[PDB]
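**Q** If you scroll down you'll find the structure; I have some questions about it.
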Amino acid sequence: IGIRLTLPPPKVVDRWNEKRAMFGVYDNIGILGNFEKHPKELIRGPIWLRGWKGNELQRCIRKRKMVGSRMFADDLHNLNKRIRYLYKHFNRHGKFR
Amino acid sequence: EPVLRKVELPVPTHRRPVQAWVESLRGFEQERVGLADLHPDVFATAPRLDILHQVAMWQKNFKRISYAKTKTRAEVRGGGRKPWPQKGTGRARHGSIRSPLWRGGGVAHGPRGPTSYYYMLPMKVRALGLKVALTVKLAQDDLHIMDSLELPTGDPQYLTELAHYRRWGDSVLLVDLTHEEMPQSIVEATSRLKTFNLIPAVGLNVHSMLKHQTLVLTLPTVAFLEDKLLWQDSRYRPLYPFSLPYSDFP
Amino acid sequence: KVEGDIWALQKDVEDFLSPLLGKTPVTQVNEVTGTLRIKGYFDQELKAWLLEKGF
Amino acid sequence: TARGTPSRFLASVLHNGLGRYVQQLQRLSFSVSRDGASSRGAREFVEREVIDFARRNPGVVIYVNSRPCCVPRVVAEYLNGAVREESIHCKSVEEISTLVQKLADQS
Amino acid sequence: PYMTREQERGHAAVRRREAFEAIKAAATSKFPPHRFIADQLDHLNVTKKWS
Amino acid sequence: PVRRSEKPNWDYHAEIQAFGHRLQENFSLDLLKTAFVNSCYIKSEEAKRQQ
Amino acid sequence: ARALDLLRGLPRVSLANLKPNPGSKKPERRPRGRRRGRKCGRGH
Amino acid sequence: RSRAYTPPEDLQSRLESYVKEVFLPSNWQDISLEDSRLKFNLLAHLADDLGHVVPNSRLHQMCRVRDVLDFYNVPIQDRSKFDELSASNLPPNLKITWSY
Ligand SMILES: [Mg+2]
């Protein structure tokens, strides 16, 4: 059917462990540190999208203009494909016109 | 002996001084040694829990950038031709065996792209809310501010037994003036504090401000936070980015 | 940036406004935000009323 | 609907229309957790209404087992030998009193 | 009819003025809500523990 | 079907006072507590004391 | 100033309380259902 | 290691004695708390004799000696709920337990 059969694995999760303990510690970095470095650098994440959060089409546009010459050919053709798709997607057919 | 740590910035006359006891971790059963104050802008502003929830959101969404993706009507493998005879059978024709209507194809409007939600929102307001949460911890019988975060002992059990003896709370976050100048004994004992934590100067922030049951601020560091909130108080129109030199920046 | 028992300031603003337009003041405080707002622009005279209050 | 469900005519415990108001609520067991969110307002009954409840009609079995549990519970049994279980999850203190008295005036 | 055509002309005007005034007084009192802060504090208090 | 003596929230003194109050007719609590006891359970408990 | 003490009249303001201000965001209605949407932004 | 507090009987007299140890003039309750080290010593003696000081969040509202006596005259009854509700002497129709 569509249910489980027994009670599932017991969710051993310590909500108070170290790798979550400092979650945002030293993360008011800018005005609480005499303006040396903004929070706009403290994020450890991909350089395609580290803090210019536009739309989906914008997301891909930034991915291209940042790292396109660093992809295998499948990713380049893929990013080009969806970029063409989205450029057609924005201004063609929708609810508000 | 006594000690009276007033605030350096002149708090206005439209409120009295914001005073409390001054503590220390030196005495294992000897607290309440000295008493001092702070400006109303430091620990006695309006309650303003809404600002605190704003601080909560700007915290919990600050850096997370999820990576979950999918495939579109051209991404997953296969699909260029008409899949089967469109009208010979009684079935349904399609465009592909690789569109999102069949068993294996597309997750049509799923989260495309490793997305991010950074928010460098109003930083002075973030400061005021950080002050607000500090004030909340002040009134909530939680702001036990110590003179200096020295460790009179090396055992973490000394800290645990004092904390149960002080009836501080179930969780503790103690923060100092300088990380290199943080006392070696305090951090060494603190390294096994499985639920308590120690923190440097800039780290006083919102999710941290809810994180423990109570926070233990160092006295000169408390003044440092006051000065920071004071520079947060009445910031003129920025015409240059405040990382470079100014007239009186430090 | 109002502070204190703001409802008294609302009553005072209605009283000053009472001769100003006759109708009762359409005003709302923002108790969490610690503010007072009056429908309509009675601005310069309100600044005068606060100035004559001196504080 | 109705015809898909059974029937049971209007009667009493022991033909008590004559003798006396033989109040038919032998047992009733609310319970709250020491750290329990949903039973918080129900704790209010455990604060206020339960003493008032036994004041109003002491002749019933009032139970607060009050386990460190997940939700409030009402265990009603009576001289009719049946039992009805009443959830009180996320209810109001006024609603707690309403549930209590409505359970009381039943059979 | 119990009276002439011009006989009760205006015979119910003062109450008409009163009714129009009442409609005008009660009608247009739409404006921003007035919000207390203790209500926000109480909604904060809703996660209350026992003793 | 186990007896209600073997479920939660039972107290013999409490149930005895319930036996007093529920009928809205008073009684001597010690006398009634004795009265609810027959002798078969007395024999059963006396035999159970031997094990 | 009754504000701080009135706040002191509750338990510790934990993370379980930071409510968005009433009027933060209008409800994110999925364009469907028995009341809001039957054709979802296009009509018949 | 106990938060339990009871107001003493000689509180006004011991308070006047501690005030004299802190400072002289009439109207003892009208002495304000603008002074710093005097406030420190006064609260120190009051806590040392009493065993119960005001909350540090309550220190800022402490501005005079009358409220200082009053908060020291305020009874603080504290117990667990399984200890407090049970000790309210509820009627025989219920005996609640909190096995936590
Ligand atoms: Mg697939």
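By order in the structure tokens, chains are A, B, ...; within a chain, residues start at 1; ligands start at 1, following the order shown.
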Using only C-alpha atoms, I'd like every residue of chain C that has an atom within 9 Å of chain G; please write them out as a ChimeraX atom specification.

**A** /C:3-5

**Q** For ligand 1, list the contacting residues at 12 Å or closer, counting only C-alpha atoms and all ligand atoms, as a PyMOL selection string.

**A** chain B and resi 69-78+97-108+110

**Q** List as a PyMOL selection string the protein and nucleic acid residues near segment 24-34 of chain E, meaning an atom at most 12 Å away when only C-alpha atoms are counted, but skip any in the same chain fewer than 5 places from it.

**A** (chain C and resi 7+10+23-33+35-40) or (chain E and resi 17-19+39) or (chain G and resi 22-23)

**Q** Report the distance between atom CA of residue 201 of chain B and atom CA of residue 17 of chain G in Å, rounded to one decimal place.

**A** 26.7 Å

**Q** Identify every residue of chain H that has at least one atom within 6 Å of any atom of chain D, counting only C-alpha atoms, and report the result as a VMD selection string.

**A** chain H and resid 93 to 94 96 to 98

**Q** Take the selection from the previous step and output its residues with N, CA and C atoms, as a PDB file, in the first residue's frame.

**A**
```pdb
ATOM      1  N   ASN H  93     -11.660  14.554  46.387  1.00  0.00           N
ATOM      2  CA  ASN H  93     -12.137  14.004  45.126  1.00  0.00           C
ATOM      3  C   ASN H  93     -11.048  13.863  44.077  1.00  0.00           C
ATOM      4  N   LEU H  94      -9.821  14.280  44.378  1.00  0.00           N
ATOM      5  CA  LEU H  94      -8.711  14.122  43.451  1.00  0.00           C
ATOM      6  C   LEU H  94      -7.394  14.081  44.208  1.00  0.00           C
ATOM      7  N   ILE H  96      -3.652  14.105  42.565  1.00  0.00           N
ATOM      8  CA  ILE H  96      -2.898  14.136  41.319  1.00  0.00           C
ATOM      9  C   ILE H  96      -1.431  13.930  41.642  1.00  0.00           C
ATOM     10  N   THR H  97      -0.728  13.241  40.755  1.00  0.00           N
ATOM     11  CA  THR H  97       0.701  13.024  40.880  1.00  0.00           C
ATOM     12  C   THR H  97       1.395  13.500  39.612  1.00  0.00           C
ATOM     13  N   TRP H  98       2.650  13.928  39.765  1.00  0.00           N
ATOM     14  CA  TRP H  98       3.483  14.344  38.633  1.00  0.00           C
ATOM     15  C   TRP H  98       4.795  13.577  38.748  1.00  0.00           C
TER      16      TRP H  98
END
```

**Q** Could you pull out the residues in chain G that DSSP calls helix (DSSP H, G or I) from the backbone, as a list in words?

**A**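 Secondary structure check on chain G, helix (DSSP H, G or I): residues 2, 3, 4, 5, 6, 7, 8, 15, 16 and 17 of chain G.
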
**Q** For chain B against chain C, with a cut-off of 12 Å and counting only C-alpha atoms, what is the closest atom pair and its distance in Å to one decimal for every residue that makes the cut, ordered by chain and number, as CSV?

**A**
```
residue,atom,partner,partner_atom,distance
B:13,CA,C:55,CA,11.4
B:14,CA,C:55,CA,9.5
B:15,CA,C:3,CA,10.8
B:45,CA,C:3,CA,10.1
B:46,CA,C:32,CA,7.7
B:47,CA,C:32,CA,7.4
B:48,CA,C:32,CA,5.8
B:49,CA,C:32,CA,8.3
B:50,CA,C:32,CA,8.3
B:51,CA,C:33,CA,9.6
```

**Q** Leaving out residue 200 of chain B and any residue of its chain fewer than 2 positions from it, which residues lie within 9 Å of it when counting only C-alpha atoms, given as a list in words?

**A**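 Near residue 200 of chain B, the qualifying residues are residues 26 of chain A; 174, 175, 176, 177, 178, 179, 180, 182, 198, 202, 203 and 204 of chain B.
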
**Q** At what distance in Å, to one decimal, does atom CA of residue 70 of chain A lie from atom CA of residue 114 of chain B?

**A**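 Between atom CA of residue 114 of chain B and atom CA of residue 70 of chain A the gap is 16.8 Å.
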
**Q** For chain H against chain B, which residues fall within 7 Å using only C-alpha atoms, given as a list in words?

**A**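 Every residue meeting the condition is included here: residues 1, 37, 40, 55, 56, 57, 59 and 60 of chain H.
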
**Q** Would you mind exporting the chosen residues as a PDB file, in the first residue's frame, restricted to N, CA, C and O atoms?

**A**
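Listing of part_0.pdb after writing:
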```pdb
ATOM      1  N   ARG H   1      22.052  27.293  48.042  1.00  0.00           N
ATOM      2  CA  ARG H   1      21.588  26.505  46.906  1.00  0.00           C
ATOM      3  C   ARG H   1      20.071  26.366  46.918  1.00  0.00           C
ATOM      4  O   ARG H   1      19.524  25.392  46.403  1.00  0.00           O
ATOM      5  N   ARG H  37      28.772  53.891  45.132  1.00  0.00           N
ATOM      6  CA  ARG H  37      29.424  52.984  46.069  1.00  0.00           C
ATOM      7  C   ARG H  37      28.568  52.777  47.303  1.00  0.00           C
ATOM      8  O   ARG H  37      28.578  51.697  47.907  1.00  0.00           O
ATOM      9  N   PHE H  40      26.207  50.187  46.332  1.00  0.00           N
ATOM     10  CA  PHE H  40      26.888  48.899  46.335  1.00  0.00           C
ATOM     11  C   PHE H  40      26.978  48.329  47.740  1.00  0.00           C
ATOM     12  O   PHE H  40      26.604  47.175  47.971  1.00  0.00           O
ATOM     13  N   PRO H  55      16.686  41.029  41.418  1.00  0.00           N
ATOM     14  CA  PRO H  55      17.265  40.651  40.127  1.00  0.00           C
ATOM     15  C   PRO H  55      18.054  41.805  39.540  1.00  0.00           C
ATOM     16  O   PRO H  55      17.768  42.977  39.784  1.00  0.00           O
ATOM     17  N   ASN H  56      19.090  41.451  38.778  1.00  0.00           N
ATOM     18  CA  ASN H  56      19.925  42.477  38.166  1.00  0.00           C
ATOM     19  C   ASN H  56      19.143  43.284  37.142  1.00  0.00           C
ATOM     20  O   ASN H  56      19.430  44.468  36.939  1.00  0.00           O
ATOM     21  N   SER H  57      18.144  42.672  36.511  1.00  0.00           N
ATOM     22  CA  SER H  57      17.213  43.425  35.690  1.00  0.00           C
ATOM     23  C   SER H  57      16.312  44.323  36.519  1.00  0.00           C
ATOM     24  O   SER H  57      15.735  45.267  35.973  1.00  0.00           O
ATOM     25  N   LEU H  59      17.589  45.974  39.109  1.00  0.00           N
ATOM     26  CA  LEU H  59      18.468  46.943  39.750  1.00  0.00           C
ATOM     27  C   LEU H  59      18.239  48.351  39.225  1.00  0.00           C
ATOM     28  O   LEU H  59      18.293  49.313  39.998  1.00  0.00           O
ATOM     29  N   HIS H  60      17.989  48.492  37.926  1.00  0.00           N
ATOM     30  CA  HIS H  60      17.814  49.808  37.334  1.00  0.00           C
ATOM     31  C   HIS H  60      16.570  50.522  37.838  1.00  0.00           C
ATOM     32  O   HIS H  60      16.572  51.753  37.915  1.00  0.00           O
TER      33      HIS H  60
END
```

**Q** Can you tell me which residues surround residue 45 of chain E at a distance of at most 10 Å, considering only C-alpha atoms, apart from same-chain residues fewer than 2 positions away, and format the answer as a ChimeraX atom specification?

**A** /E:39-43,47-49 /G:7,9-14,16-17

**Q** Would you mind exporting the chosen residues as a CSV table (one decimal), in the first residue's frame, restricted to C-alpha atoms?

**A**
```
chain,number,residue,atom,x,y,z
E,39,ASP,CA,-0.7,41.9,22.6
E,40,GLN,CA,2.6,41.3,20.8
E,41,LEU,CA,4.2,40.5,24.2
E,42,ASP,CA,1.5,38.0,25.0
E,43,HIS,CA,1.9,36.3,21.6
E,47,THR,CA,5.3,29.1,24.6
E,48,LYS,CA,5.0,29.2,28.4
E,49,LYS,CA,6.3,26.3,30.4
G,7,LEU,CA,8.1,41.3,29.6
G,9,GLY,CA,6.4,38.6,33.6
G,10,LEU,CA,6.9,35.8,31.1
G,11,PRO,CA,9.5,32.9,30.7
G,12,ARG,CA,12.8,33.5,28.9
G,13,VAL,CA,12.2,34.8,25.4
G,14,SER,CA,13.5,31.7,23.6
G,16,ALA,CA,10.3,29.7,20.0
G,17,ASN,CA,8.8,33.2,20.2
```

**Q** For atom CA of residue 239 of chain B and atom CA of residue 116 of chain B, determine how far apart the two atoms are, in Å to one decimal place.

**A**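 So the answer is 28.9 Å.
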
**Q** Using DSSP on the backbone coordinates, identify all residues within chain C classified as strand (DSSP E or B); present the result as a ChimeraX atom specification.

**A** /C:27-30,35-38

**Q** Next, write the just-selected residues to a file, as an mmCIF file, in the first residue's frame, keeping N, CA, C and O atoms as the atom set.

**A**
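File part.cif, as written:
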```
data_model
loop_
_atom_site.group_PDB
_atom_site.id
_atom_site.type_symbol
_atom_site.label_atom_id
_atom_site.label_comp_id
_atom_site.auth_asym_id
_atom_site.auth_seq_id
_atom_site.Cartn_x
_atom_site.Cartn_y
_atom_site.Cartn_z
ATOM 1 N N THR C 27 -6.456 59.316 14.768
ATOM 2 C CA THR C 27 -5.072 59.059 15.132
ATOM 3 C C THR C 27 -4.908 57.626 15.619
ATOM 4 O O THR C 27 -5.825 57.022 16.179
ATOM 5 N N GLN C 28 -3.708 57.098 15.404
ATOM 6 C CA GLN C 28 -3.356 55.761 15.871
ATOM 7 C C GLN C 28 -1.919 55.800 16.358
ATOM 8 O O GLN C 28 -1.063 56.423 15.722
ATOM 9 N N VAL C 29 -1.669 55.188 17.470
ATOM 10 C CA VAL C 29 -0.310 55.032 17.960
ATOM 11 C C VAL C 29 0.248 53.730 17.412
ATOM 12 O O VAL C 29 -0.475 52.885 16.875
ATOM 13 N N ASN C 30 1.561 53.592 17.510
ATOM 14 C CA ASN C 30 2.273 52.367 17.183
ATOM 15 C C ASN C 30 3.028 52.003 18.449
ATOM 16 O O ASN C 30 4.191 52.374 18.612
ATOM 17 N N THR C 35 5.258 55.077 18.358
ATOM 18 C CA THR C 35 5.000 56.232 17.513
ATOM 19 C C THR C 35 3.569 56.719 17.685
ATOM 20 O O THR C 35 2.721 56.049 18.274
ATOM 21 N N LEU C 36 3.305 57.909 17.150
ATOM 22 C CA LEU C 36 1.941 58.400 17.045
ATOM 23 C C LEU C 36 1.757 58.943 15.644
ATOM 24 O O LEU C 36 2.681 59.535 15.084
ATOM 25 N N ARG C 37 0.579 58.733 15.076
ATOM 26 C CA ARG C 37 0.286 59.201 13.734
ATOM 27 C C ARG C 37 -1.111 59.791 13.730
ATOM 28 O O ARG C 37 -2.031 59.223 14.328
ATOM 29 N N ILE C 38 -1.260 60.933 13.073
ATOM 30 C CA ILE C 38 -2.546 61.586 12.902
ATOM 31 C C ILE C 38 -2.842 61.694 11.415
ATOM 32 O O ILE C 38 -2.003 62.135 10.614
#
```

**Q** Quick one: which residues from chain G are at most 9 Å off chain A, using only C-alpha atoms, as a list in words?

**A** residues 40, 41 and 42 of chain G

**Q** Chain D residues within 9 Å of chain E, counting only C-alpha atoms: which ones, as number ranges by chain?

**A** D: 33-37, 40, 43

**Q** Excluding residue 22 of chain F and any residue of its chain fewer than 2 positions from it, enumerate the residues within 10 Å of it, using only C-alpha atoms, and give them as a list in words.

**A**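 Counting only the stated atoms, we get residues 21, 22, 23, 24, 25, 26, 57, 58, 59, 60 and 61 of chain D; 15, 16, 17, 18, 19, 20, 24, 25 and 26 of chain F.
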
**Q** Could you write out that same residue set with N, CA, C and O atoms as a PDB file, in the first residue's frame?

**A**
```pdb
ATOM      1  N   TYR D  21     -30.804  11.741  40.794  1.00  0.00           N
ATOM      2  CA  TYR D  21     -29.868  12.092  39.741  1.00  0.00           C
ATOM      3  C   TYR D  21     -28.588  11.302  39.953  1.00  0.00           C
ATOM      4  O   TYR D  21     -27.605  11.819  40.496  1.00  0.00           O
ATOM      5  N   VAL D  22     -28.591  10.070  39.475  1.00  0.00           N
ATOM      6  CA  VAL D  22     -27.473   9.172  39.661  1.00  0.00           C
ATOM      7  C   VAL D  22     -26.447   9.551  38.609  1.00  0.00           C
ATOM      8  O   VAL D  22     -26.434   8.991  37.496  1.00  0.00           O
ATOM      9  N   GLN D  23     -25.562  10.467  38.981  1.00  0.00           N
ATOM     10  CA  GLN D  23     -24.674  11.096  38.017  1.00  0.00           C
ATOM     11  C   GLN D  23     -23.691  10.085  37.450  1.00  0.00           C
ATOM     12  O   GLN D  23     -22.864   9.527  38.173  1.00  0.00           O
ATOM     13  N   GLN D  24     -23.773   9.876  36.145  1.00  0.00           N
ATOM     14  CA  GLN D  24     -23.071   8.798  35.467  1.00  0.00           C
ATOM     15  C   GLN D  24     -21.714   9.197  34.898  1.00  0.00           C
ATOM     16  O   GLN D  24     -21.541   9.147  33.675  1.00  0.00           O
ATOM     17  N   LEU D  25     -20.768   9.629  35.724  1.00  0.00           N
ATOM     18  CA  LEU D  25     -19.393   9.875  35.300  1.00  0.00           C
ATOM     19  C   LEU D  25     -18.462   9.372  36.391  1.00  0.00           C
ATOM     20  O   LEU D  25     -18.124  10.127  37.305  1.00  0.00           O
ATOM     21  N   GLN D  26     -18.052   8.105  36.305  1.00  0.00           N
ATOM     22  CA  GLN D  26     -17.257   7.509  37.380  1.00  0.00           C
ATOM     23  C   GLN D  26     -15.807   7.985  37.336  1.00  0.00           C
ATOM     24  O   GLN D  26     -15.181   8.208  38.376  1.00  0.00           O
ATOM     25  N   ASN D  57     -19.077  19.244  41.907  1.00  0.00           N
ATOM     26  CA  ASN D  57     -19.693  17.918  41.976  1.00  0.00           C
ATOM     27  C   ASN D  57     -18.611  16.929  42.358  1.00  0.00           C
ATOM     28  O   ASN D  57     -18.086  16.202  41.500  1.00  0.00           O
ATOM     29  N   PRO D  58     -18.268  16.844  43.645  1.00  0.00           N
ATOM     30  CA  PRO D  58     -17.125  16.022  44.060  1.00  0.00           C
ATOM     31  C   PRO D  58     -17.301  14.536  43.833  1.00  0.00           C
ATOM     32  O   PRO D  58     -16.309  13.800  43.897  1.00  0.00           O
ATOM     33  N   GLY D  59     -18.499  14.077  43.515  1.00  0.00           N
ATOM     34  CA  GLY D  59     -18.741  12.659  43.460  1.00  0.00           C
ATOM     35  C   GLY D  59     -18.216  11.923  42.250  1.00  0.00           C
ATOM     36  O   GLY D  59     -18.780  10.886  41.891  1.00  0.00           O
ATOM     37  N   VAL D  60     -17.167  12.407  41.592  1.00  0.00           N
ATOM     38  CA  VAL D  60     -16.610  11.743  40.419  1.00  0.00           C
ATOM     39  C   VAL D  60     -15.121  11.513  40.629  1.00  0.00           C
ATOM     40  O   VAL D  60     -14.508  12.110  41.525  1.00  0.00           O
ATOM     41  N   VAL D  61     -14.545  10.640  39.807  1.00  0.00           N
ATOM     42  CA  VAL D  61     -13.131  10.299  39.872  1.00  0.00           C
ATOM     43  C   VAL D  61     -12.357  11.230  38.949  1.00  0.00           C
ATOM     44  O   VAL D  61     -12.384  11.076  37.716  1.00  0.00           O
TER      45      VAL D  61
ATOM     46  N   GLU F  15     -11.735   5.686  45.762  1.00  0.00           N
ATOM     47  CA  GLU F  15     -12.923   5.023  45.267  1.00  0.00           C
ATOM     48  C   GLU F  15     -13.931   4.748  46.366  1.00  0.00           C
ATOM     49  O   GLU F  15     -15.132   4.735  46.097  1.00  0.00           O
ATOM     50  N   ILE F  16     -13.478   4.557  47.599  1.00  0.00           N
ATOM     51  CA  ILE F  16     -14.412   4.361  48.692  1.00  0.00           C
ATOM     52  C   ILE F  16     -15.168   5.648  48.974  1.00  0.00           C
ATOM     53  O   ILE F  16     -16.391   5.645  49.152  1.00  0.00           O
ATOM     54  N   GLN F  17     -14.453   6.769  49.015  1.00  0.00           N
ATOM     55  CA  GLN F  17     -15.127   8.045  49.208  1.00  0.00           C
ATOM     56  C   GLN F  17     -16.037   8.351  48.031  1.00  0.00           C
ATOM     57  O   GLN F  17     -17.065   9.019  48.182  1.00  0.00           O
ATOM     58  N   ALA F  18     -15.672   7.851  46.854  1.00  0.00           N
ATOM     59  CA  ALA F  18     -16.555   7.940  45.702  1.00  0.00           C
ATOM     60  C   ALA F  18     -17.804   7.103  45.910  1.00  0.00           C
ATOM     61  O   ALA F  18     -18.898   7.496  45.498  1.00  0.00           O
ATOM     62  N   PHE F  19     -17.651   5.936  46.532  1.00  0.00           N
ATOM     63  CA  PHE F  19     -18.803   5.106  46.861  1.00  0.00           C
ATOM     64  C   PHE F  19     -19.690   5.797  47.876  1.00  0.00           C
ATOM     65  O   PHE F  19     -20.900   5.550  47.921  1.00  0.00           O
ATOM     66  N   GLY F  20     -19.098   6.641  48.712  1.00  0.00           N
ATOM     67  CA  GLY F  20     -19.903   7.450  49.609  1.00  0.00           C
ATOM     68  C   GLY F  20     -20.640   8.564  48.888  1.00  0.00           C
ATOM     69  O   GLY F  20     -21.860   8.705  49.010  1.00  0.00           O
ATOM     70  N   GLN F  24     -25.005  10.069  46.685  1.00  0.00           N
ATOM     71  CA  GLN F  24     -25.482  11.176  47.512  1.00  0.00           C
ATOM     72  C   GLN F  24     -26.092  10.658  48.813  1.00  0.00           C
ATOM     73  O   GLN F  24     -27.193  11.035  49.213  1.00  0.00           O
ATOM     74  N   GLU F  25     -25.366   9.746  49.451  1.00  0.00           N
ATOM     75  CA  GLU F  25     -25.774   9.217  50.744  1.00  0.00           C
ATOM     76  C   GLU F  25     -24.524   8.844  51.523  1.00  0.00           C
ATOM     77  O   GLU F  25     -23.718   8.021  51.086  1.00  0.00           O
ATOM     78  N   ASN F  26     -24.390   9.446  52.698  1.00  0.00           N
ATOM     79  CA  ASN F  26     -23.190   9.341  53.509  1.00  0.00           C
ATOM     80  C   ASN F  26     -23.041   7.935  54.068  1.00  0.00           C
ATOM     81  O   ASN F  26     -23.974   7.130  54.027  1.00  0.00           O
TER      82      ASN F  26
END
```
